[PDB]
(Lines of atoms letter the chains of each structure in order from A; the text may use other names.)
(Lines give C-alpha, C1' and ligand atoms only; values in the text may rest on other atoms or scores of the structure.)
Protein backbone atom coordinates (compact mmCIF):
# COMPACT_ATOMS: atom_id res chain seq x y z
CA UNK A 212 0.00 0.00 0.00
CA UNK A 213 3.09 2.22 -0.22
CA UNK A 214 3.05 2.85 -3.97
CA UNK A 215 -0.24 4.74 -3.99
CA UNK A 216 0.65 7.88 -2.03
CA UNK A 217 3.28 8.43 -4.69
CA UNK A 218 0.54 8.32 -7.31
CA UNK A 219 -2.17 10.35 -5.56
CA UNK A 220 0.28 13.09 -4.54
CA UNK A 221 1.17 13.27 -8.23
CA UNK A 222 -2.45 13.79 -9.27
CA UNK A 223 -3.11 16.50 -6.68
CA UNK A 224 0.09 18.36 -7.45
CA UNK A 225 -0.30 18.18 -11.23
CA UNK A 226 -3.77 17.23 -12.50
CA UNK A 227 -5.58 18.76 -9.51
CA UNK A 228 -7.43 15.61 -8.49
CA UNK A 229 -7.53 14.54 -4.83
CA UNK A 230 -7.96 10.97 -3.58
CA UNK A 231 -7.90 9.01 -0.32
CA UNK A 232 -6.52 6.05 1.67
CA UNK A 233 -9.95 4.45 1.17
CA UNK A 234 -10.76 4.86 -2.52
CA UNK A 235 -7.67 2.97 -3.58
CA UNK A 236 -9.61 0.13 -5.10
CA UNK A 237 -11.94 1.97 -7.44
CA UNK A 238 -8.70 3.51 -8.68
CA UNK A 239 -6.34 0.54 -8.87
CA UNK A 240 -9.14 -1.31 -10.63
CA UNK A 241 -9.94 1.25 -13.31
CA UNK A 242 -6.49 2.45 -14.33
CA UNK A 243 -5.05 -1.06 -14.14
CA UNK A 244 -7.22 -1.76 -17.18
CA UNK A 245 -5.52 1.14 -18.95
CA UNK A 246 -2.17 0.19 -17.39
CA UNK A 247 -2.54 -3.28 -18.90
CA UNK A 248 -2.82 -1.41 -22.19
CA UNK A 249 0.94 -0.75 -21.76
CA UNK A 250 4.01 -1.83 -19.78
CA UNK A 251 3.73 0.53 -16.83
CA UNK A 252 3.72 -1.06 -13.39
CA UNK A 253 1.94 1.42 -11.12
CA UNK A 254 4.86 3.83 -10.73
CA UNK A 255 6.61 3.58 -14.08
CA UNK A 256 3.45 5.30 -15.21
CA UNK A 257 4.13 8.24 -12.88
CA UNK A 258 7.34 9.13 -14.71
CA UNK A 259 5.86 8.28 -18.13
CA UNK A 260 3.02 10.75 -17.50
CA UNK A 261 5.48 13.62 -17.21
CA UNK A 262 6.19 13.37 -20.92
CA UNK A 263 2.92 15.18 -21.31
CA UNK A 264 1.91 17.03 -24.46
CA UNK A 265 2.85 13.74 -26.15
CA UNK A 266 0.41 10.97 -27.06
CA UNK A 267 -2.28 11.93 -24.58
CA UNK A 268 -1.56 9.29 -21.93
CA UNK A 269 -1.96 12.06 -19.36
CA UNK A 270 -5.47 12.79 -20.63
CA UNK A 271 -6.24 9.07 -20.56
CA UNK A 272 -5.16 8.79 -16.94
CA UNK A 273 -7.65 11.55 -16.14
CA UNK A 274 -10.29 9.20 -17.54
CA UNK A 275 -11.09 6.13 -15.41
CA UNK A 276 -10.45 8.30 -12.38
CA UNK A 277 -13.95 9.41 -13.19
CA UNK A 278 -16.83 7.15 -14.09
CA UNK A 279 -17.34 7.91 -17.77
CA UNK A 280 -21.02 7.53 -16.87
CA UNK A 281 -23.93 9.96 -16.54
CA UNK A 282 -25.60 9.41 -13.16
CA UNK A 283 -28.70 10.69 -11.39
CA UNK A 284 -27.81 12.65 -8.24
CA UNK A 285 -24.07 12.03 -8.65
CA UNK A 286 -22.31 11.29 -5.34
CA UNK A 287 -25.63 12.00 -3.55
CA UNK A 288 -23.89 14.34 -1.07
CA UNK A 289 -23.91 17.60 -3.03
CA UNK A 290 -27.69 17.41 -3.38
CA UNK A 291 -28.21 16.84 0.33
CA UNK A 292 -25.79 19.72 0.95
CA UNK A 293 -27.87 21.82 -1.42
CA UNK A 294 -31.11 21.11 0.41
CA UNK A 295 -30.23 21.27 4.09
CA UNK A 296 -27.33 23.72 3.98
CA UNK A 297 -26.99 25.91 0.89
CA UNK A 298 -30.63 26.75 0.16
CA UNK A 299 -31.42 27.69 3.80
CA UNK A 300 -28.24 29.79 3.91
CA UNK A 301 -29.32 31.42 0.67
CA UNK A 302 -32.98 31.79 1.69
CA UNK A 303 -32.17 33.86 4.77
CA UNK A 304 -29.64 36.05 2.94
CA UNK A 305 -31.87 36.81 -0.05
CA UNK A 306 -35.34 36.61 1.46
CA UNK A 307 -36.39 34.11 -1.24
CA UNK A 308 -35.74 36.41 -4.21
CA UNK A 309 -35.66 33.82 -7.02
CA UNK A 310 -32.39 31.81 -6.86
CA UNK A 311 -30.71 30.98 -10.18
CA UNK A 312 -28.79 27.78 -10.64
CA UNK A 313 -26.34 27.05 -13.40
CA UNK A 314 -25.87 23.50 -14.58
CA UNK A 315 -22.70 23.99 -16.59
CA UNK A 316 -22.11 21.19 -19.09
CA UNK A 317 -25.47 19.50 -18.43
CA UNK A 318 -24.90 16.65 -20.91
CA UNK A 319 -27.92 14.37 -21.32
CA UNK A 320 -29.93 16.51 -18.91
CA UNK A 321 -29.66 14.21 -15.90
CA UNK A 322 -27.74 16.58 -13.55
CA UNK A 323 -30.06 19.61 -13.87
CA UNK A 324 -33.23 17.48 -13.76
CA UNK A 325 -31.83 15.96 -10.57
CA UNK A 326 -31.51 19.54 -9.31
CA UNK A 327 -35.07 20.37 -10.29
CA UNK A 328 -36.17 17.33 -8.28
CA UNK A 329 -34.07 18.41 -5.31
CA UNK A 330 -35.87 21.73 -5.37
CA UNK A 331 -39.33 20.19 -5.48
CA UNK A 332 -38.57 17.98 -2.51
CA UNK A 333 -37.12 20.97 -0.64
CA UNK A 334 -40.24 22.98 -1.38
CA UNK A 335 -42.27 20.02 -0.08
CA UNK A 336 -40.44 19.87 3.26
CA UNK A 337 -39.81 23.59 3.80
CA UNK A 338 -43.17 25.04 2.73
CA UNK A 339 -43.50 28.81 2.29
CA UNK A 340 -39.75 29.15 1.77
CA UNK A 341 -40.25 28.36 -1.88
CA UNK A 342 -40.75 32.05 -2.56
CA UNK A 343 -40.89 32.74 -6.27
CA UNK A 344 -39.29 29.92 -8.26
CA UNK A 345 -35.69 28.84 -8.64
CA UNK A 346 -34.49 29.27 -12.23
CA UNK A 347 -32.18 26.50 -13.38
CA UNK A 348 -30.18 27.27 -16.52
CA UNK A 349 -28.41 24.31 -18.10
CA UNK A 350 -25.84 24.99 -20.78
CA UNK A 351 -24.07 22.77 -23.24
CA UNK A 352 -22.49 22.28 -26.66
CA UNK A 353 -25.10 22.33 -29.41
CA UNK A 354 -25.33 18.61 -30.03
CA UNK A 355 -27.22 15.40 -29.54
CA UNK A 356 -26.76 15.36 -25.75
CA UNK A 357 -28.20 18.79 -25.11
CA UNK A 358 -30.92 18.06 -27.67
CA UNK A 359 -31.57 14.84 -25.77
CA UNK A 360 -31.78 16.88 -22.58
CA UNK A 361 -34.44 19.15 -24.03
CA UNK A 362 -36.52 16.12 -24.98
CA UNK A 363 -36.10 14.91 -21.43
CA UNK A 364 -36.88 11.30 -22.21
CA UNK A 365 -34.59 8.57 -20.89
CA UNK A 366 -33.86 4.89 -21.36
CA UNK A 367 -35.43 2.59 -18.77
CA UNK A 368 -31.87 1.41 -18.12
CA UNK A 369 -30.56 4.95 -17.56
CA UNK A 370 -33.17 5.28 -14.81
CA UNK A 371 -31.61 2.46 -12.81
CA UNK A 372 -28.50 4.61 -12.31
CA UNK A 373 -28.48 6.78 -9.18
CA UNK A 374 -32.24 7.39 -9.02
CA UNK A 375 -34.53 6.31 -6.18
CA UNK A 376 -37.63 4.28 -7.18
CA UNK A 377 -39.55 6.88 -5.17
CA UNK A 378 -38.13 9.68 -7.30
CA UNK A 379 -38.77 7.66 -10.46
CA UNK A 380 -42.45 7.07 -9.68
CA UNK A 381 -42.85 10.58 -8.31
CA UNK A 382 -41.04 12.67 -10.90
CA UNK A 383 -41.44 10.57 -14.08
CA UNK A 384 -44.21 9.60 -16.49
CA UNK A 385 -43.57 6.36 -18.37
CA UNK A 386 -43.85 7.39 -22.02
CA UNK A 387 -43.24 3.99 -23.57
CA UNK A 388 -42.65 0.31 -22.85
CA UNK A 389 -38.93 1.00 -22.46
CA UNK A 390 -38.95 4.80 -22.12
CA UNK A 391 -39.46 7.37 -19.35
CA UNK A 392 -40.07 11.13 -19.52
CA UNK A 393 -39.57 13.88 -16.92
CA UNK A 394 -42.81 15.14 -15.36
CA UNK A 395 -43.68 18.64 -16.70
CA UNK A 396 -43.57 20.22 -13.23
CA UNK A 397 -39.94 19.16 -12.96
CA UNK A 398 -39.33 19.76 -16.67
CA UNK A 399 -40.46 23.39 -16.50
CA UNK A 400 -37.96 24.47 -13.86
CA UNK A 401 -35.02 24.34 -16.28
CA UNK A 402 -34.17 26.18 -19.48
CA UNK A 403 -31.53 24.75 -21.77
CA UNK A 404 -29.27 27.16 -23.60
CA UNK A 405 -26.43 26.25 -25.93
CA UNK A 406 -23.04 27.45 -24.71
CA UNK A 407 -19.38 26.59 -25.11
CA UNK A 408 -17.61 27.08 -21.78
CA UNK A 409 -14.79 28.66 -23.75
CA UNK A 410 -17.05 31.56 -24.79
CA UNK A 411 -18.37 34.59 -22.89
CA UNK A 412 -20.74 34.14 -19.95
CA UNK A 413 -22.14 37.69 -20.08
CA UNK A 414 -25.47 36.70 -21.63
CA UNK A 415 -26.24 34.28 -18.75
CA UNK A 416 -26.35 36.82 -15.93
CA UNK A 417 -25.61 36.09 -12.29
CA UNK A 418 -26.23 32.90 -10.32
CA UNK A 419 -26.60 32.07 -6.64
CA UNK A 420 -25.24 28.60 -7.37
CA UNK A 421 -23.18 26.97 -10.10
CA UNK A 422 -22.87 23.22 -10.71
CA UNK A 423 -19.85 22.35 -12.82
CA UNK A 424 -18.80 18.81 -12.02
CA UNK A 425 -16.28 16.54 -13.78
CA UNK A 426 -15.70 19.13 -16.50
CA UNK A 427 -12.64 21.26 -15.81
CA UNK A 428 -10.45 18.22 -15.10
CA UNK A 429 -10.65 17.39 -18.78
CA UNK A 430 -9.10 20.78 -19.57
CA UNK A 431 -5.62 22.19 -19.09
CA UNK A 432 -4.46 24.21 -16.09
CA UNK A 433 -4.29 27.62 -17.78
CA UNK A 434 -7.80 27.37 -19.25
CA UNK A 435 -9.24 25.71 -16.14
CA UNK A 436 -8.32 28.82 -14.15
CA UNK A 437 -9.73 31.01 -16.93
CA UNK A 438 -13.12 29.34 -16.79
CA UNK A 439 -13.02 29.49 -13.01
CA UNK A 440 -12.35 33.23 -13.18
CA UNK A 441 -15.28 33.74 -15.57
CA UNK A 442 -17.40 31.53 -13.34
CA UNK A 443 -16.53 33.89 -10.47
CA UNK A 444 -18.40 36.41 -12.60
CA UNK A 445 -22.01 35.32 -13.15
CA UNK A 446 -21.98 34.56 -9.40
CA UNK A 447 -23.71 36.64 -6.77
CA UNK A 448 -21.37 37.56 -3.90
CA UNK A 449 -21.44 34.67 -1.44
CA UNK A 450 -22.69 32.40 -4.21
CA UNK A 451 -21.76 28.72 -4.23
CA UNK A 452 -19.88 26.53 -6.73
CA UNK A 453 -20.11 22.74 -6.92
CA UNK A 454 -17.12 21.06 -8.57
CA UNK A 455 -17.98 17.40 -8.15
CA UNK A 456 -16.26 14.47 -6.50
CA UNK A 457 -12.54 14.98 -5.96
CA UNK A 458 -12.03 18.20 -7.94
CA UNK A 459 -9.83 20.92 -6.44
CA UNK A 460 -9.45 24.57 -7.45
CA UNK A 461 -5.97 25.05 -6.01
CA UNK A 462 -5.50 28.52 -7.49
CA UNK A 463 -6.99 31.99 -8.00
CA UNK A 464 -5.94 34.67 -5.52
CA UNK A 465 -8.48 33.55 -2.92
CA UNK A 466 -11.61 34.85 -4.61
CA UNK A 467 -13.11 31.43 -3.84
CA UNK A 468 -13.38 30.32 -0.22
CA UNK A 469 -13.13 26.59 0.43
CA UNK A 470 -16.13 25.51 2.47
CA UNK A 471 -15.79 22.15 4.16
CA UNK A 472 -19.08 20.48 4.95
CA UNK A 473 -19.06 17.09 6.64
CA UNK A 474 -19.79 15.25 3.36
CA UNK A 475 -17.54 17.12 0.92
CA UNK A 476 -16.81 20.74 0.07
CA UNK A 477 -18.23 23.67 -1.85
CA UNK A 478 -16.79 27.04 -2.79
CA UNK A 479 -18.10 30.50 -1.96
CA UNK A 480 -17.19 33.52 -4.12
CA UNK A 481 -15.25 36.37 -2.46
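Numbering (our numbering), first residue to last: 212 to 481.
For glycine and all other residues, C-beta sits at the position ideal for the given N, C-alpha and C.
Notebook entry, point to check: Going by Cα to Cα distance, which pick from 450, 470, 478 and 460 is closest to residue 302?
Noted result: By one-based count along the chain shown, residue 302 stands at place 91. Answer by Cα proximity: 450.
Checklist line | residue 420 and residue 312 closer than 7 Å at C-beta | finding: Here the question's residue 420 lines up with position 209 in the chain shown. Here the question's residue 312 lines up with position 101 in the chain shown. Contact flag set, yes.
Next item on the list: Note down, in chain order, each residue of its chain lying with its Cβ closer than 6 Å to the Cβ of residue 389, except the 5 sequence neighbours on either side.
Entry: Along the chain shown, one-based indexing puts residue 389 at 178. Contacts found: 367.
Margin query: Please list the terminal residues of the continuous beta strand (DSSP E) segment that includes residue 350.
Written below: For this step, residue 350 is matched to residue 139 along the chain shown. Here the beta strand (DSSP E) through residue 350 covers 346 to 351.
Next item on the list: Would you please state the rounded distance, in angstroms, between the beta carbons of residue 321 and residue 282? I believe it to be under 8 Å.
Entry: Reading the chain shown from its first residue, position 110 is the one you call residue 321. Reading the chain shown from its first residue, position 71 is the one you call residue 282. Going by Cβ atoms, the distance from residue 321 to residue 282 rounds to 7 Å, so yes, they are a contact pair.
Check: Who are the near neighbours of residue 296 in its chain, counting only those whose CB is closer than 7 Å to its CB and skipping five residues on each side?
Finding: Here residue 296 is taken as the residue at index 85 of the chain shown, counted from 1. If we look at residue 296 and ignore the five residues flanking it on each side, its Cβ neighbours are 472.
Margin query: Please tell me whether residue 217 and residue 254 are closer than 7 Å, where the distance is taken between their beta carbons.
Written below: Position 6 of the chain shown, counted from the first residue, corresponds to residue 217. Position 43 of the chain shown, counted from the first residue, corresponds to residue 254. Closer than 7 Å, so yes.
Item checked: Cβ neighbours of residue 246 in the same chain (closer than 8 Å, five flanking residues each side left out) -> Locating residue 246 in the chain shown gives position 35, where the first residue counts as 1. 252, 253 and 256, listed in sequence order.
Check: Which residues in the same chain have their Cβ closer than 7 Å to the Cβ of residue 441, if we skip the five residues on either side of it in sequence?
Finding: Locating residue 441 in the chain shown gives position 230, where the first residue counts as 1. Only 412 meet the Cβ criterion.
Next item on the list: Spell out a yes or no on whether the segment 348 to 365 and the segment 400 to 411 are touching, meaning 3 or more CB-CB pairs, one atom from each, closer than 8 Å.
Entry: yes
Check: For the putative contact between residue 439 and residue 463, defined by C-beta atoms under 8 Å, what is the C-beta separation to the nearest angstrom?
Finding: Working through the chain shown from its first residue, we reach residue 439 at position 228. Working through the chain shown from its first residue, we reach residue 463 at position 252. Residue 439 to residue 463, Cβ: 6 Å. Contact.
Notebook entry, point to check: Beta-carbon of residue 331 versus every beta-carbon of chain D: anything under 7 Å?
Noted result: Looking for chain D here will not work: only one protein chain is present.
Next item on the list: Can you tell me the Cβ-Cβ gap for residue 373 and residue 342, rounded? I've got them flagged as a contact below 8 Å.
Entry: To locate residue 373, count along the chain shown from 1; it is residue 162. To locate residue 342, count along the chain shown from 1; it is residue 131. About 29 Å; that fails the 8 Å criterion.
Margin query: Suppose contacts are defined by Cβ-Cβ distances below 7 Å. Is residue 323 in contact with residue 426 by that definition?
Written below: Position 112 of the chain shown, counting from 1, holds the residue named residue 323. Position 215 of the chain shown, counting from 1, holds the residue named residue 426. No, they are not a contact pair.
Next item on the list: Just the C-alpha distance for residue 293 and residue 228, rounded to the nearest angstrom, thanks.
Entry: Taking the first residue of the chain shown as 1, we reach residue 293 at position 82. Taking the first residue of the chain shown as 1, we reach residue 228 at position 17. Approximately 22 Å between the Cα atoms of the pair.
Item checked: Alpha carbon of residue 234 to alpha carbon of residue 429, nearest angstrom -> Locating residue 234 in the chain shown gives position 23, where the first residue counts as 1. Locating residue 429 in the chain shown gives position 218, where the first residue counts as 1. Residue 234 and residue 429: Cα-Cα distance of roughly 21 Å.
Notebook entry, point to check: Across which residues does DSSP place residue 446 in a beta bridge pair?
Noted result: Taking the first residue of the chain shown as position 1, residue 446 is located at position 235. Paired residue(s): 418.
Next item on the list: Identify which residue in 361, 285 and 364 has its Cα closest to the Cα of residue 423.
Entry: On the chain shown, residue 423 is found 212 positions in, with the first residue counted as 1. Among 361, 285 and 364, the Cα nearest to that of residue 423 is on 285.
Notebook entry, point to check: For residue 360 versus residue 403, is the C-beta spacing smaller than 7 Å?
Noted result: As a position in the chain shown, residue 360 is number 149, starting the count at 1. As a position in the chain shown, residue 403 is number 192, starting the count at 1. Cβ atoms of residue 360 and residue 403: closer than 7 Å.
Next item on the list: Report yes if the CB atom of residue 328 is closer than 7 Å to the CB atom of residue 397, and no otherwise.
Entry: As a first step, residue 328 is located in the chain shown; it is residue number 117 there, counting from the start. As a first step, residue 397 is located in the chain shown; it is residue number 186 there, counting from the start. Going by C-beta atoms, residue 328 is nearer than 7 Å to residue 397.
Notebook entry, point to check: Leaving out five residues before and five after residue 452 in sequence, what residues of the same chain have Cβ atoms less than 6 Å from its Cβ?
Noted result: Numbered from 1 along the chain shown, position 241 holds the residue referred to as residue 452. Within the same chain, residue 452 has close Cβ partners 421 and 478.
Note to self: Mapping the DSSP letters down to three states, classify residue 402 as helix, strand or coil.
What the structure shows: Walking along the chain shown from the start, residue 402 turns up at place 191. Residue state, collapsed to three classes: strand.
Notebook entry, point to check: Thinking just about the alpha-carbon of each residue, which of 432, 364, 375 and 334 is nearest to the one in residue 298?
Noted result: As a first step, residue 298 must be located in the chain shown, where it is residue number 87. It is 334 whose Cα lies nearest to the Cα of residue 298.
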